[PDB]
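J.: Chains as they are written, first to last, in the deposited numbering: chain Q, 3 to 156; chain V, 3 to 156; chain U, 3 to 156; chain E, 3 to 156; chain S, 3 to 156; chain T, 3 to 156; chain R, 2 to 156. Don't be surprised by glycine CBs; every beta carbon is placed ideally from N, CA and C.
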Amino acid sequence: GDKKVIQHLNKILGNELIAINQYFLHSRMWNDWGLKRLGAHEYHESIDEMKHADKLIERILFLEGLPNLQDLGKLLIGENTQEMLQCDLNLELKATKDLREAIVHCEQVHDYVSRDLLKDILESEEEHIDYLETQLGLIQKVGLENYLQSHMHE
Amino acid sequence: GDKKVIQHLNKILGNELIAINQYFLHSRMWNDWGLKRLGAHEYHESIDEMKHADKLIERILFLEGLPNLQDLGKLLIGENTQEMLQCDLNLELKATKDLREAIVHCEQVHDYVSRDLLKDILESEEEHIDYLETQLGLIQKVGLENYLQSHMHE
Amino acid sequence: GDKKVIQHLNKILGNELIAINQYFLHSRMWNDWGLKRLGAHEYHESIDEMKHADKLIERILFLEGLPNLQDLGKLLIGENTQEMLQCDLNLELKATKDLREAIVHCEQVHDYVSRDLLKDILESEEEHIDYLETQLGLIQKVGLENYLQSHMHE
Amino acid sequence: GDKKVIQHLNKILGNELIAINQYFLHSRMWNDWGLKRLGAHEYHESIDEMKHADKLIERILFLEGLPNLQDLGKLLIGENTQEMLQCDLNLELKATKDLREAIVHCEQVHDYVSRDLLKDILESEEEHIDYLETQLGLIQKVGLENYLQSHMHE
Amino acid sequence: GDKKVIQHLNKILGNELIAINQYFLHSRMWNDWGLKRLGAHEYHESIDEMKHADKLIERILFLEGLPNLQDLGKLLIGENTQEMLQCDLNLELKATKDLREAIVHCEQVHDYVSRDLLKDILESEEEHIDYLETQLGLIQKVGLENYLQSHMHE
Amino acid sequence: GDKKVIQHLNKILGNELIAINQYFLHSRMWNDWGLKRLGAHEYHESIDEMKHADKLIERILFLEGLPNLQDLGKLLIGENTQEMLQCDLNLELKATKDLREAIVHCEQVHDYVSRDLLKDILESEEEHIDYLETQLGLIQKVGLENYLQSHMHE
Amino acid sequence: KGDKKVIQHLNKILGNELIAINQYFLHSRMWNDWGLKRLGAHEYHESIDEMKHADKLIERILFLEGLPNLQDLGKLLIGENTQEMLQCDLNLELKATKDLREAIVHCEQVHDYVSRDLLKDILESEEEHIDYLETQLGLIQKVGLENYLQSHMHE
Ligand code: HEM
Ligand code: HEM
Ligand code: HEM
Ligand code: HEM
Ligand SMILES: [Fe+3]
Ligand SMILES: [Fe+3]
Ligand SMILES: [Fe+3]
Ligand SMILES: [Fe+3]
Ligand SMILES: [Fe+3]
Ligand SMILES: [Fe+3]
Ligand SMILES: [Fe+3]
Ligand SMILES: [Fe+3]
Ligand SMILES: [K+]
Ligand SMILES: [K+]
Numbered sequence: 003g004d005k006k007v008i009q010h011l012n013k014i015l016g017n018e019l020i021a022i023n024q025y026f027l028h029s030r031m032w033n034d035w036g037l038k039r040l041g042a043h044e045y046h047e048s049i050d051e052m053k054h055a056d057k058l059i060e061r062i063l064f065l066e067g068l069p070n071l072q073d074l075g076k077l078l079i080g081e082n083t084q085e086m087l088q089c090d091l092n093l094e095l096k097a098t099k100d101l102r103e104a105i106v107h108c109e110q111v112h113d114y115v116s117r118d119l120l121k122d123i124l125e126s127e128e129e130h131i132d133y134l135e136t137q138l139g140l141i142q143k144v145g146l147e148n149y150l151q152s153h154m155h156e
Numbered sequence: 003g004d005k006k007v008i009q010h011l012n013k014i015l016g017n018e019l020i021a022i023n024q025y026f027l028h029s030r031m032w033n034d035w036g037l038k039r040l041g042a043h044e045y046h047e048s049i050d051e052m053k054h055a056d057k058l059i060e061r062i063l064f065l066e067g068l069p070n071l072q073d074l075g076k077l078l079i080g081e082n083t084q085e086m087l088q089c090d091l092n093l094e095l096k097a098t099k100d101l102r103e104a105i106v107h108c109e110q111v112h113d114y115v116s117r118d119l120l121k122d123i124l125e126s127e128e129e130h131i132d133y134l135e136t137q138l139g140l141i142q143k144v145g146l147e148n149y150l151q152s153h154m155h156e
Numbered sequence: 003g004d005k006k007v008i009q010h011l012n013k014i015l016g017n018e019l020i021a022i023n024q025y026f027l028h029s030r031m032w033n034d035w036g037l038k039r040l041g042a043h044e045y046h047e048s049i050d051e052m053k054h055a056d057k058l059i060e061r062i063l064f065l066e067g068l069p070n071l072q073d074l075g076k077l078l079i080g081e082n083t084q085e086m087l088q089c090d091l092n093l094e095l096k097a098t099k100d101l102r103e104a105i106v107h108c109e110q111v112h113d114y115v116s117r118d119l120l121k122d123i124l125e126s127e128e129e130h131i132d133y134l135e136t137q138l139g140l141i142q143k144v145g146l147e148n149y150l151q152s153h154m155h156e
Numbered sequence: 003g004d005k006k007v008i009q010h011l012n013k014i015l016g017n018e019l020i021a022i023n024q025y026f027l028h029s030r031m032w033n034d035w036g037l038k039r040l041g042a043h044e045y046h047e048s049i050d051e052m053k054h055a056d057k058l059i060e061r062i063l064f065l066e067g068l069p070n071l072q073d074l075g076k077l078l079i080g081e082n083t084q085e086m087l088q089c090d091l092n093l094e095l096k097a098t099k100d101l102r103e104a105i106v107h108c109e110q111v112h113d114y115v116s117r118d119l120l121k122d123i124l125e126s127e128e129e130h131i132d133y134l135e136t137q138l139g140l141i142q143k144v145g146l147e148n149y150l151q152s153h154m155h156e
Numbered sequence: 003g004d005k006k007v008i009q010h011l012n013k014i015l016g017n018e019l020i021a022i023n024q025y026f027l028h029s030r031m032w033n034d035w036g037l038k039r040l041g042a043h044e045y046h047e048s049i050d051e052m053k054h055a056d057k058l059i060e061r062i063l064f065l066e067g068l069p070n071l072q073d074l075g076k077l078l079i080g081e082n083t084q085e086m087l088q089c090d091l092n093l094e095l096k097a098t099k100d101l102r103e104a105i106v107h108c109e110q111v112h113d114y115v116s117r118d119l120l121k122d123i124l125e126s127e128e129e130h131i132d133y134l135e136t137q138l139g140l141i142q143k144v145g146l147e148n149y150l151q152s153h154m155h156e
Numbered sequence: 003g004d005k006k007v008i009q010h011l012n013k014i015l016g017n018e019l020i021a022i023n024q025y026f027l028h029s030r031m032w033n034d035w036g037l038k039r040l041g042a043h044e045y046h047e048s049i050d051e052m053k054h055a056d057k058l059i060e061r062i063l064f065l066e067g068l069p070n071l072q073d074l075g076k077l078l079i080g081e082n083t084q085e086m087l088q089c090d091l092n093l094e095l096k097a098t099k100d101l102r103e104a105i106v107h108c109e110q111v112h113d114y115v116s117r118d119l120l121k122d123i124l125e126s127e128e129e130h131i132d133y134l135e136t137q138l139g140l141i142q143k144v145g146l147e148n149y150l151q152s153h154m155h156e
Numbered sequence: 002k003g004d005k006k007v008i009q010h011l012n013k014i015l016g017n018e019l020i021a022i023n024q025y026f027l028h029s030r031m032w033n034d035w036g037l038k039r040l041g042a043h044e045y046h047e048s049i050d051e052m053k054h055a056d057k058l059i060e061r062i063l064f065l066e067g068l069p070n071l072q073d074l075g076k077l078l079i080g081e082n083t084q085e086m087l088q089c090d091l092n093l094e095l096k097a098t099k100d101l102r103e104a105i106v107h108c109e110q111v112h113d114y115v116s117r118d119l120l121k122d123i124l125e126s127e128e129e130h131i132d133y134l135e136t137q138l139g140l141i142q143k144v145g146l147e148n149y150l151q152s153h154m155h156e
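Structure follows, in structure tokens:
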């Protein structure tokens, strides 16, 4: 296994480990505030990131690298719904950037299986961005109090 | 079966007895107003309190005491959804305090089974607090009329 | 809502609230004593009286008065099976009486729907009387010990 | 069959005929404006009143009088959700009153089956009253636009 | 594992061993006599004590202590029903006492899991006590012959 | 019932009571050590002796003797798998022998039903001997470590 | 509004579960890579138990109005064979067991019995795990390392 691929993989893994904690905490927060629809959705984003992290891990061990679950980067914890979303969105725009750089590297050293995995993960983070923007947009279109009312119940 | 524990059990029973009538009256008031989702939850709060009552009466009789269903304390009856919610919270903060005081005493006299009964009751009373705090929070985040709107239907 | 009708209702409601606790304690006393068939029967009487209180509370609120769950008259707790029965009977003989008086009044002011409610409650309370007198009768016919023996199991 | 009781039945009938049409039109109006949930409720209100009319007609016929389906009094047709609710409420306050006198007369000449019929009808108009009052108050408590909103979908 | 806890556990275990044999013998005695409902209830008490023994054994072994099933204390074998109940009752009073001591010692060295295990055993022994006291109480109220009569058939 | 027969019976019962505790202990020991196929088979051996005891108790009693659950003989506990198996085997050899003497004596006084019951027990204790001897021979044929390995998992 | 020191023990305990979650997950995946699929699966389920404890701790903290700290990750004890891996996990549980015990005493002190109760259940579950670990380790001595890994190839 090419040595920089494993580094790019562990960099993505770093990004997924942050997201898991950022999204989990954010979910629980929304739950404790009684905004249980945002709590459910955010809870699902978090489980998603865990499964990306799992795939990455298996891939690294396969290529004979060392998965680093030790270094946890910086959690972006908002203190209200709108910040909370904007943070996740910032965290995604970042992982989106790193994912692209990795896929480039993989393509360059003919590691097409790793490229494929990254490509799948990227499709999913992009779906997440779509959800996030839409969410922010809807707040402008219906107003914050309404938007929040609509995520009280499931 | 120690006599001071039983004074405690009667005191807790006295609190449940107030909650029952209060919650139930609040339920019927929310229903008369068309706020049926609030009505229905309060009713279930009322019923949960009826089950704790039963538990306390059973325990007391077993311990060879005399359950007091006669002295009924002060109902805190609000006259709108915010006061009503606040009164229930004042009641559970009170009821929670006497629960801890009764627990310390069971521990002291080694009445572990009554300790456990009281702790179950406690945890439930603490979930009720979570509910009430969150509701009050929601009214702030989404505005009174939206919160009430989201509580018309079940 | 005629002002005196509401008094009549709140007064009946007052009697239902005394019946609830009396019968419930009676229930659990019998249960503690190992007379599980009386205890079960009495527990259902206490539930019947709870459903009556509910009907009454709603009607009062519909009539735009204030249900009074704060006042609690005198429980008649007995100390043996025969006394407990005689108590529940005294209490129902007294309930029956206030019910008739309330019906007379509803008729006079033409609140026929409130009268219908009470006549339903009435009938149910006369069935309670019928059960009570039959039990007292049975005790004389089979003897106290036989009668209790037939009420150990469900 | 008493001459005056039949008169009273035909009067109660006249009131039902009016209600049938007023509620049916209000139903279709709310349906036309996209307020499909008021539409549906109000449609059921209309249907109850056709069942009352049918009951009344059979009774008149059994008592050998002539049912009068020819005289239709004044429809109270609102022009917005609030005028429409108030029209129905005025209609039902008037109907209730006629019912009360009708019952008094039946009682007087011992037509207890006609009184029983009219009392059932009465109860049902009182529930229509409870429904209306509650809506009117919901409107105050959630605001006209939130109220209309919650009544768009079924 | 703390050495005094393990001695407590082995002591309790010793109780349960007594109770298993006592309750079982009392069970077959009652069947032999044709009092099958007492026989069957007493059999299930015996079984219950076996489950408690097992759990104790698993715990001791886990705390690397050595389970003592070698020393069997003194049985209290009654000679008629009244006496058999009272024995079981004395045994359960004694065992209760020891359970409470074990629980103090556990809490004190911070063995909160063995505490929990004991608190659960205790509550079950406290239920056996209620059955016991109750049966003794019933022999008074319905008389001895009647009570045995009521316990011939299952 | 012959006075000697009962002594023989109470002796066999004295053997089953040992076996029960010994096997039960051994069982929990193998489960502690993670050897769950031996733990579970040993536990079933326990249950089997519990059933034998129960039959002896019933029979003794029917014969109007006093079952003796008081004297517990000498548990033979091993401290490794090989010893445990060898102990259970020693104990079963000793029981086998007591059973044969009892059978002889029953035949002599013509207590053919007790002979039959002991004969059913005997065939069961010889099945167990078969198992043990086989286990021990399997330890020679495939090696200790292999044998234990083969008994780790259900 | 919960007691400040309780919360601190709570975040502390949460902090222990975040380590267990990662340590256990990596061990699970390593054993999988090696084809020790039975150990893989078991460790995976141990990782999941700890994600669940963490979830309850996060809910409690918030309920008591504190700030859950998912930001500081303590030190993962990664072993490099099956015997070290089990022994690391064991160390990790003796450390967790301890912090848990102190946090419970504190709760009893300030009468927060609902938080005590939550910790007492986590505690039990970690003691269940120590039971498994010690058992596996002892099994390695009784049947031999090679046999033992053999019985943990398949599920
Ligand atoms: C001594 C005080 C009371 C006690 C101990 C008590 C106890 C109980 C219990 C144990 C239940 C069964 C819960 C279940 O469904 O599992 C119940 C049900 C109920 N209670 Fe109470 N209660 C009390 C007072 C009241 C009061 C003041 C009301 C007011 C109306 C009330 C209304 C009801 C109603 C409507 C039910 C539903 C039963 C059914 O519909 O099947 N109770 N109660
Ligand atoms: C404006 C005049 C009326 C309109 C627009 C109207 C409309 C309707 C409609 C749409 C139905 C549903 C039937 C189906 O789809 O199966 C219905 C049912 C019915 N109508 Fe009418 N109706 C009117 C007047 C009356 C009158 C004067 C009566 C006198 C009795 C009446 C008696 C009934 C009865 C008994 C039913 C069946 C209700 C049931 O399900 O039991 N209607 N009506
Ligand atoms: C006087 C001595 C004992 C007798 C006569 C006895 C008898 C019995 C009997 C007849 C059963 C029912 C089994 C079946 O029908 O399948 C049983 C179950 C059981 N016994 Fe015992 N036993 C004795 C001692 C013990 C001891 C000392 C232990 C543990 C130390 C024990 C543990 C158990 C357990 C765990 C069960 C299973 C209960 C269940 O079904 O959940 N027994 N016993
Ligand atoms: C922030 C710390 C974490 C928390 C609070 C957390 C929480 C959870 C929860 C509550 C579940 C649902 C459990 C169930 O009911 O089955 C879950 C599932 C799962 N978690 Fe985590 N987790 C965390 C970190 C991680 C990490 C680091 C990984 C991998 C390295 C991971 C991988 C998984 C996987 C694979 C599942 C199963 C998903 C599925 O199949 O539905 N989690 N987690
Ligand atoms: Fe949404
Ligand atoms: Fe809500
Ligand atoms: Fe509505
Ligand atoms: Fe009866
Ligand atoms: Fe009985
Ligand atoms: Fe629409
Ligand atoms: Fe028989
Ligand atoms: Fe295994
Ligand atoms: K809205
Ligand atoms: K009899």
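Under 8 Å between C-beta atoms, does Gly-36(U) make it to chain S?
T.: Yes, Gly-36(U) lies at the interface with chain S (some Cβ there is under 8 Å from its Cβ).
J.: At a CB-CB cut-off below 7 Å, which residues of chain V make contact with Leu-124(S)?
T.: Here the neighbours are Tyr-114 and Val-115.
J.: Once the 5 residues before and after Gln-88(R) are set aside, which same chain residues still bring their CB inside 6 Å of it?
T.: Nothing listed; no residue qualifies.
J.: Express the C-alpha separation of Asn-70(V) and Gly-75(U) in angstroms, rounding to a whole number.
T.: Cα to Cα, the separation comes out at about 13 Å.
J.: Quick check: is the beta carbon of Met-86(Q) nearer than 8 Å to any beta carbon in chain V?
T.: Not closer than 8 Å to any Cβ of chain V, the Cβ of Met-86(Q) fails to qualify, so no.
J.: When you compare the CB positions of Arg-39(R) and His-155(R), do they come within less than 8 Å of one another, or not?
T.: In contact: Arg-39(R) and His-155(R) (Cβ atoms closer than 8 Å).
J.: When the Cβ atoms of the region 115-125 of chain R are set against those of the region 102-120 of chain S, are three or more pairs found closer than 8 Å?
T.: The region 115-125 of chain R, when compared against the region 102-120 of chain S, does touch it at the 8 Å Cβ threshold.
J.: Cβ-heavy atom distance between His-153(U) and ligand 8 below 7 Å?
T.: Indeed, a heavy atom of ligand 8 lies less than 7 Å from the Cβ.
J.: Beta-carbon separation of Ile-62(E) and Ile-8(E) under 8 Å?
T.: Yes; because the gap between Cβ atoms is below 8 Å, this pair is in contact.
J.: Looking at the secondary structure, which residues open and close the alpha helix (DSSP H) in which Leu-58(R) lies?
T.: Taken as a continuous stretch (DSSP letters only), the alpha helix (DSSP H) holding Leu-58(R) covers 38-64.
J.: Which of the three DSSP states is assigned to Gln-72(R) in this structure?
T.: It is coil, neither helix nor strand.
J.: Are any of the Cβ atoms in chain V nearer than 8 Å to that of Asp-4(S)?
T.: Taking Cβ atoms only, chain V never reaches closer than 8 Å to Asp-4(S), which makes this a no.
J.: Using a beta-carbon distance below 8 Å, is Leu-140(R) in contact with chain T?
T.: It does; some Cβ of chain T falls within 8 Å.
J.: If you reduce the DSSP assignment to three classes, tell me which class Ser-29(Q) lands in.
T.: Note: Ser-29(Q) maps to helix in three-state DSSP.
J.: Identify whether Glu-135(Q) lies in helix, strand or coil by the three-state DSSP scheme.
T.: Helix.
J.: What separation, rounded to the nearest whole angstrom, lies between the Cα atoms of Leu-11(Q) and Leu-58(Q)?
T.: If I take the Cα positions, the gap works out to 7 Å.
J.: Taking Cβ-Cβ distances shorter than 9 Å, what residues in chain S pair up with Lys-121(R)?
T.: Simply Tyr-114, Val-115, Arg-117 and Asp-118.
J.: Is the Cβ of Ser-152(R) closer than 8 Å to any Cβ of chain T?
T.: Yes - at least one Cβ of chain T is within 8 Å of the one on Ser-152(R).
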